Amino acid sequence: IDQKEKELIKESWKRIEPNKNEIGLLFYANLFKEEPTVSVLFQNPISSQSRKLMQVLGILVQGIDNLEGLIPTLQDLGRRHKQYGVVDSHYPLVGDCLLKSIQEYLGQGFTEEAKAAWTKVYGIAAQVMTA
């Protein structure tokens, strides 16, 4: 993750953040449509789950200049995900759905370059969570 990618993440978060409630919920609607077998894993209210997911994305943006500082947080999260029935092959599916949902909601407000940067950041977060 180079300086340019870090900037694109900070810059695009300024448009994601004000829209984060909708983006998170759109993500879950899209996920449950696209991957009908993962919805059974979610046991708590989706409204609160969406808030939790977007909160963590904001933490990734806040720590984007030093992600290594987030390895422990992410390792704990990955551990809980195993307890939720999540498996390694879920991560690419969730990543694609999240990025596509941001793209859908923001349209021309979200560049291909920003999409690529978020893809790398997601890939990193997922690698840390799956060890």
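So that there is no doubt, residue numbering starts at 1 and follows the sequence shown.
Between the stretches 21 to 29 and 112 to 120, it is 112 to 120 that shows the larger average CA temperature factor. When 97 to 105 is weighed against 73 to 81, 73 to 81 comes out higher, by mean CA B-factor as recorded in the entry.
In this PDB entry, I46 carries a Cα temperature factor that places it within the lowest third of its chain's modelled residues.
In the PDB entry, a CA B factor belonging to the lowest third of its chain's modelled residues is recorded for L53. Sort the modelled residues of the chain by CA B factor and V87 lands in the middle third. Ranked against the other modelled residues of its chain, the C-alpha B-factor of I59 as given in the entry falls in the middle third.
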